[PDB]
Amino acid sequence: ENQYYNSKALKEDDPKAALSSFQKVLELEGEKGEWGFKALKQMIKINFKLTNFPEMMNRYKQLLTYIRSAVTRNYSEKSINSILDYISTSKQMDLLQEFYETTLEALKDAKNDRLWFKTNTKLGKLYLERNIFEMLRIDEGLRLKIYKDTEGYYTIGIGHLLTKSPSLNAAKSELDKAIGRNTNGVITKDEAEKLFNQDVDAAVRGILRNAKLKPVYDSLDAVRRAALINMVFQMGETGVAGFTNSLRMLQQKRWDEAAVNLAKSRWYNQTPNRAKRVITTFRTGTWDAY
């Protein structure tokens, strides 16, 4: 059958021509969903590789209309899960956000649907990453060009040490290796957030390896967890682990007592404004201080 034929012969190596022929497949017949569904999947993958995310989004909306009746729920959810899993490794924050929101809207009332919950969790974590990124941006600064920290070490983003070598080229090489392109010492906000998320995952693992921090960290909500991560960024794991009384009160959710006790530390006396914001976060469990 020629819908079959169009789809199959279409897969080729002039992506613009291949994509236009896929458009041909939706145009040619389309309505029976299986072949139009596969064509749209292909086009979404091809635009994701071609880095044209607007077109990818528009063709993803097309695909969703197929799942209500044109394609079996098992198969459609398989396809959407695949799309999720090969876009989970993208620095593209806004694309991920829009994708997640559209998926959530589309699957809201889908009978016996299990993907809405996975995407909703992913969007929650995305919002959380955005908030922690902004928090640390406010407390430590964001810099999109390579610079020297107070030790003279090449750094970028939010305190992301690139190297202790005095060679600027060595720093650029480490940066290119970590970002995956010839950046010439300059990066986007999104690339800065990728490095920062890596640094966050690191700090989280460290917190979990610390026998004094793991209890309090587990006990806390996501926002207060960010406050604790903030302290770890500022002082390191064992430095934070010295707040024995405050850590215990925190683990007990004695928010006001914990805040009062944290305000009497040397940390507060030394960096009052940052400590003030962090303690507000510990107390209220909100981002209001940021």
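Residues carry their position along the shown sequence, with the first being 1.
*Asks:* Which is higher on mean Cα B factor in this entry, 11-19 or 271-279?
*Replies:* Stretch with the higher mean C-alpha B-factor: 11-19.
*Asks:* Got a sec? Mean C-alpha B-factor, which is higher, 134-142 or 203-211?
*Replies:* Result of the comparison: 203-211.
*Asks:* Using the temperature factors in the entry, find which of 224, 254, 264, 61 has the highest value at its Cα atom.
*Replies:* Out of 224, 254, 264, 61, the record gives the largest C-alpha B-factor to 61.
*Asks:* Say you rank 238, 244, 234, 65 by Cα B-factor from the PDB entry; which sits at the top?
*Replies:* Comparing C-alpha B-factors across 238, 244, 234, 65, the maximum falls on 65.
*Asks:* Please rank the C-alpha B-factors of the chain's modelled residues and tell me whether residue 260 sits in the lowest, middle or highest third.
*Replies:* According to the entry, residue 260 has a C-alpha B-factor in the chain's middle third.
*Asks:* Report the third (lowest, middle or highest) to which the CA temperature factor of residue 77 belongs, ranking only the modelled residues of the same chain.
*Replies:* CA B-factor rank for residue 77: highest third.
*Asks:* Looking at the C-alpha B-factor of residue 290, is it in the lowest, middle or highest third of its chain?
*Replies:* Lowest third.
*Asks:* How does the C-alpha B factor of residue 171 compare with the rest of the chain: lowest, middle or highest third?
*Replies:* CA B-factor rank for residue 171: lowest third.
*Asks:* Splitting the chain's C-alpha B-factors into thirds, which one does residue 250 fall into?
*Replies:* Middle third of the chain for residue 250's C-alpha B-factor.
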